[PDB]
Number of protein chains: 4
Amino acid sequence: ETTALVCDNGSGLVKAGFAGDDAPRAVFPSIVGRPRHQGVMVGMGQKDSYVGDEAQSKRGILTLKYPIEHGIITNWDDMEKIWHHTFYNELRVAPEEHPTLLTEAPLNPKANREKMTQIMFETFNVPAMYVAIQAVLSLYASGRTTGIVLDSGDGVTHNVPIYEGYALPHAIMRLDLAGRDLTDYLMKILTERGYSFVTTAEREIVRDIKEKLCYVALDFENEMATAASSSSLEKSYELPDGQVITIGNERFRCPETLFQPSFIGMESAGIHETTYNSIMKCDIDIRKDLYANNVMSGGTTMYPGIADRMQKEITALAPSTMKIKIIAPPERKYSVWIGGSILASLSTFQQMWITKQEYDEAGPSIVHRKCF
Amino acid sequence: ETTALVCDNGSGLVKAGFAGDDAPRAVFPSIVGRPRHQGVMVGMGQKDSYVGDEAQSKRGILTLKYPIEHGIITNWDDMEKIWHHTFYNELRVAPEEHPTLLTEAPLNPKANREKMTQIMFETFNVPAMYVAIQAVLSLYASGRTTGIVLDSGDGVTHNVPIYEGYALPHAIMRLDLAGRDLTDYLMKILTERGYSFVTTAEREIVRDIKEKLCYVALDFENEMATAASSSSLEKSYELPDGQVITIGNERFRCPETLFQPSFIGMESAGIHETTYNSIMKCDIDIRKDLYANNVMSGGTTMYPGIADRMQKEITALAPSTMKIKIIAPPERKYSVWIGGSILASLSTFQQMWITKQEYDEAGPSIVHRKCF
Amino acid sequence: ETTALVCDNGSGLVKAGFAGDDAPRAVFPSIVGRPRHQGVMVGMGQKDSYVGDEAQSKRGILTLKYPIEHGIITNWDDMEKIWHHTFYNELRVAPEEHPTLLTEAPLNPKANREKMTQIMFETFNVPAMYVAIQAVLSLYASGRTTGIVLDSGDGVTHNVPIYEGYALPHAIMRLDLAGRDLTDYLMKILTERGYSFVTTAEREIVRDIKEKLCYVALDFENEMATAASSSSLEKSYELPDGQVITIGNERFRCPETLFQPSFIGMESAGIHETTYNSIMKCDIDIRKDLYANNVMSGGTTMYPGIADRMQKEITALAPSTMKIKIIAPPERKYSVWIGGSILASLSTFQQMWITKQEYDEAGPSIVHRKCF
Amino acid sequence: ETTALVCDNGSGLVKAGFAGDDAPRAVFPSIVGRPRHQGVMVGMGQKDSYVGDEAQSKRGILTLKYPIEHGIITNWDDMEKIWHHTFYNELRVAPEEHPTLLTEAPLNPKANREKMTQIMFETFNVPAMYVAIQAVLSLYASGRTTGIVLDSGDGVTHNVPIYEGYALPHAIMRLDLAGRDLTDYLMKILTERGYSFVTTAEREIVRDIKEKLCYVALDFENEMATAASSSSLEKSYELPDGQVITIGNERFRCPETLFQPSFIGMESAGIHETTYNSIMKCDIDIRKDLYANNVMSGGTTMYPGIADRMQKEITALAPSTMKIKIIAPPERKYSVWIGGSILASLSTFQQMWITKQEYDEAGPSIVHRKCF
Ligand SMILES: Nc1ncnc2c1ncn2[C@@H]1O[C@H](COP(=O)(O)OP(=O)(O)O)[C@@H](O)[C@H]1O
Ligand SMILES: Nc1ncnc2c1ncn2[C@@H]1O[C@H](COP(=O)(O)OP(=O)(O)O)[C@@H](O)[C@H]1O
Ligand SMILES: Nc1ncnc2c1ncn2[C@@H]1O[C@H](COP(=O)(O)OP(=O)(O)O)[C@@H](O)[C@H]1O
Ligand SMILES: Nc1ncnc2c1ncn2[C@@H]1O[C@H](COP(=O)(O)OP(=O)(O)O)[C@@H](O)[C@H]1O
Ligand SMILES: *CC(=O)Nc1ccc2ccc3cccc4ccc1c2c34
Ligand SMILES: *CC(=O)Nc1ccc2ccc3cccc4ccc1c2c34
Ligand SMILES: *CC(=O)Nc1ccc2ccc3cccc4ccc1c2c34
Ligand SMILES: *CC(=O)Nc1ccc2ccc3cccc4ccc1c2c34
Ligand SMILES: [Mg+2]
Ligand SMILES: [Mg+2]
Ligand SMILES: [Mg+2]
Ligand SMILES: [Mg+2]
């Protein structure tokens, strides 16, 4: 025993590695694909189902299933296959000589924590494990002890206010609008230009359109007047069949849904009011140190111009006598993992593991009373 | 002129009727809903906004706003719509030939009473009006002149000690934890079983889960051991789509928040210590007659086992040489209206109305020197 | 006309009745209470002010005023209300067909006797009246014509020597230390145990602590050593809220102030030296008959052990060749009333009344040339 | 040995330092706060409980307790923590090489002095100590030997008359209305403007509103007519969350409760009649020197206009032939400490200490026969 495993099994992308590093080694999407066609040439390298990157590169013949829906592991058979591909097939590591540090989103079902610990204690047989919380590791990568997090991953966004290491769990605002729901809205409004993107392998292409051509408008109704003079707004993208598409106001009208969720028919508020309603629900004393520390994390905070849109809109809600400081690090896509690798590298942490001999005599219901 | 109107505009339910009756005629929720969708079939009975019961049955397409937050009327445009729906559209009564008796919670802002009187004196043009206090009408329905009230409505709970018709305003203990804050905590902990109830049309469903399946545990830490042997505790409820939910220890863990407000993260005491601190702040003579008369009122005192839990916990605080007598009538959900209907039916009361010719020469500031 | 009224309006208690009986009918405290709180339920048995026992059982919401301070009637509006409650509301008697026999303490202001007679001759319109002296009716209840009285009521204590029915007015020793000044000292030293008794309804409780648990130590500095071995001295009393209080050397240190008035900061001598200096201001031949007749009266002589303490301390002052005989009846709390009912029942007395036709032609200044 | 410690452990603020100085060094509130939230990041500077200023600055996550209620130490575990924070963590001094001079209010329980001496003689092990009286050091800072003090701290107010170094302890008038009871009334009447200040960390904000915007009205009913023309009376205050609040006639209605305690429902009189009743209970030959020397002390006498209101209201009680002279020094907030630092600097005082070898052979009951 020298080091520990840090697995940030997100809903859209698995980020794993070793503790003590700075960048994760195994970064691959959490996709399981079964082939949906006949396969006349039986043999010669054909498997029952593909996982990770090899299900991404063979995706014309596959139907691609994500096992994690909204931070919630729905298909426990495919999730066990992703962890099997994570340990053996990309870290080349034995599970039995490394403690693991899983994460999860807050406000998940309790059955999600119980089954992750049970799989790690007879399917892989880790020595000890620990299920952290994704948003408090985002501060702890940032070198802070106080701030509100906007951890906008692929399945869920969730605010967590921390003041000096103390979580305020009544002010956690979990929302169910993230990079899956922006992708599935971007497919819906690429139809009006003509492009029918229907399959589950075509949502892997619209996800790549979104990661290249989408930005956040600083003023939305002003940019909707710029598309009337449709000149410099349009850019192009070459599909995997060599076709080019043209995309106009759909570049910014897709990440506007983070700030006006009524485009996809949600009765909730944007991420500017969900952050502001997670500060008003805190105590009146700590609102200086929460307005001055807004930490973004996860991949959906990587649109160009989103740290300038939140600061333009929280300022319109917070009173004008104090500064709003959106803090977006450049590596904020991997920031949950980096804080996990820092956490498992501490010396004040090794009493906080959940060892197997402490597990089995106390049952898998132990993991809830060890977190929050 | 024969009779008077009695309107208990609560924060969660409007209860109105005529003076001298025994049960209110119009009992409808104080909800204003605007439609959040498009409405392609323009015409054929479509209005801009729905109030009351018709905003409850059509709530799938509406965003529902309660205009009374914590006993404080915030949206004066929509509170005017509920009174308009109260008089014309459910009592079928003209306002101009009936003096009305509004109520309110104690320790409200003074701007709340000034606007309720101003709206009644040019929007509806009532002859006279009177704004009572909700907790002293709860004794006066009970046929008492002495007692401490626990009027636990939908927005605010407040102790009001009355000794022999003399109010002790330095001992009124207003608290901000009631049936909204129990609903919003029950939505938070149904999530740990899996059920994401997010919209404002879904807090109308969790409010009905609370009114059917939640009880108060007599011993909370004993009932948490019963949920370990999870046998006779779980009951099922059928959603309006047809799904079933299996609520477990969330049945009693929701009304525990009345007795331990730190679950929703409040720095205030439970309703057993708020009652006992509202008696210690009284004079040492009258504590015989306040321990012997604990009157519950309002809707949030209707959980099965709350009159047995308050008596079990005030006894742990009060000295053991005297009896604690929680007095809970079966009609205590309507007990504020009944005492108001008795009060407007008295003969020693018709000089206490605030007539319009007395209003307009003195102004809207007259209403404060006519109460307490 | 058959019988006469006898009203011993003390400073702390009104004792009234008819002449010729042996016990007074109306024994109620001379308290007038106005309600200090608000009064939300206007009616149903609410009055501007309460007197006597109904101001005692409702005293949690009242500010209680004694209108007789140190034997001197200071509030003539409230004293008129105690007499009105005395005649109509507790004797059920008309004033106009009964001559009344008021009393008073000696050495009072002359304006006190004038106003008592002026009120009785137009407010109540009694036929005739007579203002006696309280201490000379204490011998006359005891069946003596020679003695020295220690009439220790609630406002004033005063020695009155009488030899053979001849009062010696130059040896009357009025002192201003009585049951109010012991109550207000007992409140001051119940604070050192922790108990804060502040209001004028809490002095109605400390007065009842004094009437149950206070005694007179035979040797004071010997009993202060018993409080060092704090074993059998302490007793417990139960408040009306149910809190038991512990009380040790405050039991006897409260009636020590009668014997050492420097505890409440008086430049006067105790009741043993006031009695002895009231005897050595008399003639040398009658001192054998005043030492052998020490009649006690008033309520503050009812502490257990005060006849044993006065006899132990006058003997330390009187010469050893002559005996001291403290005479304390069991009904000496009522002894001023009993002697007044004997006096009004005599046949050698009916020319001593002050009739109204003798009043009005001679003025209000007649009552002074009829007593002493 | 060169110098001595002077600790004025008040109810709302600890004022300590060394003898012989002119201003105290360690001024910090006597607050012990425990964290009430979860604490995810265990380590990195987290403690079980915070004291003093660090419990004030981190107060959003704390529940703040004052250990001294009404001059009475009600939590001996936390009071021991404030003395420990005083000696080591803000004076940086050893207890064992400095005699200390504690103070207390008059008329405290006897158990309060015994436990303060017991803690100083085994927990900190001082050489010698001395418990003074807070009001008699307020004269002795002022350079007087004759005067009456109105020492109005944070827990209690109390008058102490002194004529030429002789305390008149039967005229000491302790009251239980001070800067806590004015803060808790100011929270009650800030609610009628709309502001709910509920938590014990929000009473630390209302205490800072009181120290800025409150003044004593010279004529109360005249200023209540000024609030009808609500023009020059309102001022604004910026909360820690940057919300400005507007405050009108609550600026003077809060310190009016010092002069009319029936606003918070007390059966006591204001500080002008308590001072006047403390002078009339003294001897008639010294009332000229007490009317001419009214010394104020403690922080609650620092409202603008309180020396002009006492002089306006004692003059309406005292007879017109003798002058009233309210003497308020500008450093009267620290005046109890300054007179204590003078007292421990005298040469006629070193026989008045209570040394440990005098303590242990005589017991903890020695401290009471060494004062007054
Ligand atoms: N450069 C980018 N710009 C915009 N969105 C991105 C970018 N990169 C990734 N995303 C979105 O963020 C998601 C990945 O975020 P991540 O933090 O991995 O979420 P999770 O960890 O929950 O899987 C992807 O599904 C994608 O939709
Ligand atoms: N039978 C019940 N059991 C439990 N809770 C109830 C019941 N009836 C109503 N409630 C709760 O109490 C609230 C109604 O209280 P109510 O008396 O209407 O308050 P108000 O009239 O002051 O608004 C509802 O919001 C609901 O959450
Ligand atoms: N049994 C008792 N023991 C001790 N003190 C008593 C007792 N009864 C009455 N007192 C005190 O004496 C007072 C009553 O004396 P009382 O004869 O009524 O005087 P007066 O009639 O002149 O007012 C009461 O105020 C009470 O303090
Ligand atoms: N400048 C000020 N104006 C008005 N009130 C003040 C001011 N400063 C302090 N106070 C009040 O006085 C109290 C402090 O008085 P202090 O002398 O510290 O009392 P103690 O020392 O007995 O605790 C505080 O609680 C505060 O409410
Ligand atoms: C369940 C949980 O929230 N664990 C958790 C998350 C994050 C975090 C960051 C930094 C820490 C430092 C020291 C100790 C711990 C312990 C748990 C923990 C953390 C830390
Ligand atoms: C402002 C207010 O509290 N009014 C009020 C409340 C309740 C109540 C009950 C019974 C009453 C009987 C007679 C008169 C009044 C007057 C006001 C009033 C009441 C009553
Ligand atoms: C003023 C006065 O002291 N009158 C008084 C008191 C007591 C007393 C007792 C017995 C008496 C017998 C006969 C006559 C009188 C007259 C006055 C009188 C008394 C008597
Ligand atoms: C218990 C007590 O009141 N001690 C006390 C207070 C104040 C004071 C002032 C000045 C003094 C001068 C000389 C001696 C003493 C002794 C005690 C004392 C004082 C003084
Ligand atoms: Mg993630
Ligand atoms: Mg109600
Ligand atoms: Mg008497
Ligand atoms: Mg002080």
# chains A, B, ... in the order shown; residues from 1 in each chain; ligands from 1
>>> residues_around(residues="range 53-64 of chain B", least_positions_apart="2", cutoff="9 Å", atoms="only C-alpha atoms", output="PyMOL selection string")
(chain A and resi 267) or (chain B and resi 28-37+49-51+66+199-201+204)
>>> residues_near_ligand(ligand="ligand 6", cutoff="7 Å", atoms="only C-alpha atoms and all ligand atoms", output="PDB file with C-alpha atoms, in the first residue's frame")
ATOM      1  CA  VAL B 131     -59.081  43.132  12.042  1.00  0.00           C
ATOM      2  CA  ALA B 132     -58.901  40.681  14.926  1.00  0.00           C
ATOM      3  CA  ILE B 133     -56.046  38.460  16.127  1.00  0.00           C
ATOM      4  CA  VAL B 136     -57.465  35.153  20.751  1.00  0.00           C
ATOM      5  CA  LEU B 137     -60.325  33.959  18.555  1.00  0.00           C
ATOM      6  CA  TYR B 140     -63.067  32.509  22.212  1.00  0.00           C
ATOM      7  CA  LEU B 343     -67.481  37.579  17.939  1.00  0.00           C
ATOM      8  CA  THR B 348     -71.312  44.015  22.934  1.00  0.00           C
ATOM      9  CA  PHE B 349     -69.317  44.388  19.732  1.00  0.00           C
ATOM     10  CA  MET B 352     -65.963  48.056  17.834  1.00  0.00           C
ATOM     11  CA  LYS B 370     -58.150  49.706  17.757  1.00  0.00           C
ATOM     12  CA  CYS B 371     -56.459  46.365  18.502  1.00  0.00           C
ATOM     13  CA  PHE B 372     -54.769  44.934  21.614  1.00  0.00           C
TER      14      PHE B 372
ATOM     15  CA  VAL C  40     -58.567  42.181  24.297  1.00  0.00           C
ATOM     16  CA  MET C  41     -61.836  40.515  25.369  1.00  0.00           C
ATOM     17  CA  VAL C  42     -63.737  43.627  26.428  1.00  0.00           C
ATOM     18  CA  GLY C  43     -66.643  42.487  28.598  1.00  0.00           C
TER      19      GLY C  43
END
>>> interface_residues(of="chain B", to="chain D", cutoff="10 Å", atoms="only C-alpha atoms", output="VMD selection string")
chain B and resid 72 107 to 112 168 to 171 174 to 176 262 265 to 268 281 to 283
>>> residues_near_ligand(ligand="ligand 11", cutoff="6 Å", atoms="only C-alpha atoms and all ligand atoms", output="list in words")
residues 10, 153 and 298 of chain C
>>> write_last_selection(atoms="N, CA, C and O atoms", output="compact mmCIF listing (two decimals), in the first residue's frame")
# COMPACT_ATOMS: atom_id res chain seq x y z
N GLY C 10 -57.16 48.07 59.16
CA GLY C 10 -55.73 48.07 59.32
C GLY C 10 -55.02 48.48 58.04
O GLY C 10 -55.62 48.69 56.99
N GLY C 153 -49.09 45.79 64.13
CA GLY C 153 -49.88 45.44 62.97
C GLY C 153 -49.04 45.28 61.72
O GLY C 153 -47.96 44.70 61.75
N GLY C 298 -52.01 42.54 67.29
CA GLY C 298 -51.62 42.68 65.91
C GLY C 298 -51.03 41.41 65.35
O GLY C 298 -50.67 40.48 66.06
>>> atom_distance(atom1="CA of residue 346 in chain D", atom2="atom 17 (C, counted along the ligand's line) of ligand 8")
10.4 Å
>>> residues_near_ligand(ligand="ligand 8", cutoff="12 Å", atoms="only C-alpha atoms and all ligand atoms", output="short mmCIF file (atom, residue, chain, number, x, y, z; two decimals) with N, CA and C atoms, in the first residue's frame")
data_model
loop_
_atom_site.label_atom_id
_atom_site.label_comp_id
_atom_site.auth_asym_id
_atom_site.auth_seq_id
_atom_site.Cartn_x
_atom_site.Cartn_y
_atom_site.Cartn_z
N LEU D 101 -8.62 41.06 40.57
CA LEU D 101 -9.68 41.82 41.23
C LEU D 101 -10.93 41.64 40.39
N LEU D 102 -11.74 40.66 40.75
CA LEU D 102 -13.01 40.49 40.08
C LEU D 102 -14.00 41.50 40.62
N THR D 103 -15.09 41.69 39.91
CA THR D 103 -16.19 42.52 40.38
C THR D 103 -17.48 41.73 40.27
N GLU D 104 -18.54 42.31 40.82
CA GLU D 104 -19.89 41.80 40.59
C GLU D 104 -20.88 42.90 40.90
N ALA D 105 -22.11 42.69 40.45
CA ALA D 105 -23.19 43.59 40.79
C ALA D 105 -23.61 43.35 42.23
N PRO D 106 -24.25 44.33 42.88
CA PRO D 106 -24.80 44.07 44.21
C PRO D 106 -26.03 43.19 44.14
N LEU D 107 -26.37 42.63 45.31
CA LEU D 107 -27.54 41.78 45.53
C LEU D 107 -27.53 40.53 44.66
N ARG D 113 -20.57 34.38 44.34
CA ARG D 113 -19.26 34.78 44.83
C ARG D 113 -18.43 33.58 45.22
N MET D 129 -7.11 37.32 45.68
CA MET D 129 -8.15 37.91 44.86
C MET D 129 -9.01 38.80 45.72
N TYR D 130 -9.92 39.51 45.06
CA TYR D 130 -10.82 40.41 45.76
C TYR D 130 -12.01 40.67 44.87
N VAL D 131 -13.20 40.39 45.36
CA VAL D 131 -14.43 40.64 44.63
C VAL D 131 -14.98 41.98 45.09
N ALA D 132 -15.03 42.94 44.19
CA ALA D 132 -15.49 44.27 44.54
C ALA D 132 -16.97 44.42 44.20
N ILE D 133 -17.47 45.65 44.29
CA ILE D 133 -18.82 45.99 43.85
C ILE D 133 -18.69 46.96 42.69
N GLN D 134 -19.48 46.75 41.65
CA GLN D 134 -19.27 47.50 40.41
C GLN D 134 -19.67 48.96 40.54
N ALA D 135 -20.65 49.28 41.36
CA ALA D 135 -21.10 50.65 41.40
C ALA D 135 -20.24 51.53 42.28
N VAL D 136 -19.60 50.95 43.30
CA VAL D 136 -18.77 51.76 44.16
C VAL D 136 -17.43 52.06 43.52
N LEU D 137 -17.06 51.33 42.48
CA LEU D 137 -15.89 51.66 41.68
C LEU D 137 -16.21 52.66 40.60
N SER D 138 -17.48 52.89 40.33
CA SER D 138 -17.87 53.94 39.39
C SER D 138 -17.74 55.31 40.01
N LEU D 139 -17.98 55.44 41.31
CA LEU D 139 -17.62 56.68 41.99
C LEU D 139 -16.13 56.85 42.05
N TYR D 140 -15.42 55.78 42.36
CA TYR D 140 -14.02 55.89 42.68
C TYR D 140 -13.16 56.10 41.45
N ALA D 141 -13.72 55.88 40.26
CA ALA D 141 -13.09 56.36 39.04
C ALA D 141 -13.36 57.83 38.83
N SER D 142 -14.52 58.30 39.25
CA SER D 142 -14.91 59.68 39.04
C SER D 142 -14.22 60.64 39.99
N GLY D 143 -13.45 60.14 40.95
CA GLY D 143 -12.80 61.02 41.90
C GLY D 143 -13.77 61.59 42.91
N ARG D 144 -14.75 60.80 43.33
CA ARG D 144 -15.74 61.23 44.30
C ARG D 144 -15.74 60.27 45.46
N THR D 145 -16.25 60.74 46.58
CA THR D 145 -16.55 59.87 47.70
C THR D 145 -18.01 59.92 48.09
N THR D 146 -18.78 60.83 47.52
CA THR D 146 -20.20 60.96 47.79
C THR D 146 -20.93 61.01 46.46
N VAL D 160 -26.70 52.72 43.72
CA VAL D 160 -26.01 52.59 45.00
C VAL D 160 -25.76 53.99 45.55
N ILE D 162 -23.90 56.40 48.05
CA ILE D 162 -22.78 56.46 48.97
C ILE D 162 -22.64 57.89 49.45
N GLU D 164 -19.94 59.80 51.53
CA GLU D 164 -18.62 59.91 52.15
C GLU D 164 -18.02 58.56 52.48
N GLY D 165 -18.10 57.64 51.54
CA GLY D 165 -17.50 56.35 51.70
C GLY D 165 -18.31 55.35 52.48
N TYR D 166 -19.53 55.67 52.87
CA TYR D 166 -20.38 54.77 53.62
C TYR D 166 -21.52 54.33 52.73
N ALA D 167 -21.56 53.05 52.41
CA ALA D 167 -22.64 52.53 51.60
C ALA D 167 -23.89 52.42 52.43
N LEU D 168 -25.02 52.71 51.82
CA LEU D 168 -26.30 52.63 52.51
C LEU D 168 -27.07 51.48 51.91
N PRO D 169 -26.82 50.24 52.35
CA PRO D 169 -27.25 49.08 51.58
C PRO D 169 -28.74 48.81 51.64
N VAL D 336 -16.16 51.39 35.34
CA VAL D 336 -16.02 50.40 36.40
C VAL D 336 -14.62 49.83 36.39
N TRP D 337 -14.03 49.68 35.22
CA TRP D 337 -12.69 49.12 35.15
C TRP D 337 -11.65 50.11 35.65
N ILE D 338 -11.83 51.39 35.32
CA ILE D 338 -10.84 52.41 35.64
C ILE D 338 -10.73 52.57 37.15
N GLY D 339 -11.87 52.62 37.83
CA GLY D 339 -11.86 52.68 39.27
C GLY D 339 -11.34 51.42 39.91
N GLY D 340 -11.48 50.29 39.22
CA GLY D 340 -10.88 49.07 39.73
C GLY D 340 -9.38 49.07 39.59
N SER D 341 -8.87 49.66 38.50
CA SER D 341 -7.43 49.73 38.30
C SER D 341 -6.79 50.72 39.24
N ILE D 342 -7.55 51.74 39.66
CA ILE D 342 -7.07 52.63 40.71
C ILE D 342 -7.02 51.89 42.04
N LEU D 343 -8.05 51.11 42.33
CA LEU D 343 -8.17 50.45 43.63
C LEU D 343 -7.08 49.42 43.85
N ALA D 344 -6.74 48.66 42.83
CA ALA D 344 -5.64 47.71 42.96
C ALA D 344 -4.28 48.38 42.89
N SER D 345 -4.23 49.68 42.61
CA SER D 345 -2.98 50.42 42.61
C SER D 345 -2.72 51.17 43.90
N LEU D 346 -3.69 51.20 44.82
CA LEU D 346 -3.48 51.89 46.09
C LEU D 346 -2.52 51.14 46.99
N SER D 347 -2.03 51.87 47.99
CA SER D 347 -1.18 51.33 49.03
C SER D 347 -1.95 51.00 50.29
N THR D 348 -3.15 51.55 50.45
CA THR D 348 -4.00 51.25 51.59
C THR D 348 -4.93 50.09 51.31
N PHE D 349 -4.53 49.17 50.44
CA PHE D 349 -5.41 48.13 49.95
C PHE D 349 -4.80 46.74 50.04
N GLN D 350 -3.50 46.61 50.24
CA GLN D 350 -2.87 45.30 50.15
C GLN D 350 -3.16 44.41 51.34
N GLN D 351 -3.74 44.93 52.40
CA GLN D 351 -4.26 44.05 53.43
C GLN D 351 -5.68 43.59 53.15
N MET D 352 -6.31 44.10 52.10
CA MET D 352 -7.69 43.76 51.79
C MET D 352 -7.80 42.60 50.82
N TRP D 353 -6.69 42.08 50.31
CA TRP D 353 -6.75 40.94 49.42
C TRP D 353 -7.15 39.68 50.17
N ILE D 354 -7.58 38.68 49.41
CA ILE D 354 -7.96 37.41 50.02
C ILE D 354 -6.96 36.36 49.57
N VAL D 367 -15.45 35.07 51.62
CA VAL D 367 -15.53 36.21 50.71
C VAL D 367 -16.68 37.14 51.06
N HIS D 368 -17.66 36.66 51.82
CA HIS D 368 -18.82 37.48 52.11
C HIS D 368 -18.60 38.40 53.29
N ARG D 369 -17.77 38.00 54.25
CA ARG D 369 -17.45 38.85 55.38
C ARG D 369 -16.28 39.79 55.10
N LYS D 370 -15.97 40.01 53.83
CA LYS D 370 -14.90 40.91 53.43
C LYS D 370 -15.39 42.04 52.55
N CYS D 371 -16.70 42.14 52.31
CA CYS D 371 -17.25 43.20 51.48
C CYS D 371 -18.35 43.91 52.25
N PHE D 372 -18.75 45.07 51.73
CA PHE D 372 -19.54 46.09 52.45
C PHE D 372 -18.98 46.44 53.83
#
>>> residues_near_ligand(ligand="ligand 4", cutoff="10 Å", atoms="only C-alpha atoms and all ligand atoms", output="MDAnalysis selection string")
chainID D and resid 8:15 27:30 68:71 104:105 134 151:157 178:183 204 206:216 255 297:304 332:337
>>> atom_distance(atom1="CA of residue 88 in chain D", atom2="CA of residue 358 in chain D")
26.1 Å
>>> atom_distance(atom1="CA of residue 197 in chain A", atom2="atom 1 (N, counted along the ligand's line) of ligand 1")
20.5 Å
>>> residues_around(residues="residue 314 in chain A", least_positions_apart="2", cutoff="8 Å", atoms="only C-alpha atoms", output="list in words")
residues 272, 273, 276, 310, 311, 312, 316, 317, 318 and 324 of chain A
>>> select_by_dssp(residues="range 185-335 of chain D", states="alpha helix (DSSP H)", output="count of residues only")
51
>>> select_by_dssp(residues="range 198-307 of chain A", states="strand (DSSP E or B)", output="count of residues only")
12
>>> residues_around(residues="residue 90 in chain B", least_positions_apart="5", cutoff="10 Å", atoms="only C-alpha atoms", output="list in words")
residues 16, 17, 25, 26, 27, 28, 52, 83, 84 and 85 of chain B
>>> write_last_selection(atoms="N, CA and C atoms", output="compact mmCIF listing (two decimals), in the first residue's frame")
# COMPACT_ATOMS: atom_id res chain seq x y z
N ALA B 16 -64.04 31.33 4.78
CA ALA B 16 -64.96 32.46 4.85
C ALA B 16 -66.38 31.96 5.02
N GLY B 17 -67.27 32.90 5.34
CA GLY B 17 -68.65 32.56 5.58
C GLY B 17 -69.38 33.75 6.17
N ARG B 25 -68.56 28.38 4.88
CA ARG B 25 -69.05 27.92 3.59
C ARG B 25 -67.90 27.77 2.59
N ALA B 26 -67.16 28.84 2.36
CA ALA B 26 -66.08 28.84 1.37
C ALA B 26 -64.77 28.47 2.04
N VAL B 27 -64.31 27.24 1.82
CA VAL B 27 -62.99 26.81 2.26
C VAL B 27 -62.24 26.42 1.00
N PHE B 28 -61.35 27.30 0.54
CA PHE B 28 -60.62 27.08 -0.68
C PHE B 28 -59.20 27.58 -0.47
N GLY B 52 -57.95 29.72 -6.44
CA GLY B 52 -58.69 28.86 -5.54
C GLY B 52 -58.75 27.44 -6.03
N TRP B 83 -59.75 37.79 -2.56
CA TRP B 83 -60.92 38.40 -1.94
C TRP B 83 -62.03 38.63 -2.94
N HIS B 84 -61.68 38.94 -4.19
CA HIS B 84 -62.68 39.09 -5.22
C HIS B 84 -63.34 37.76 -5.53
N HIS B 85 -62.56 36.69 -5.54
CA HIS B 85 -63.12 35.36 -5.71
C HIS B 85 -63.87 34.90 -4.48
>>> closest_residue(among="B:125, B:117, B:275, B:246", to="residue 149 in chain B", atoms="only C-alpha atoms")
B:275
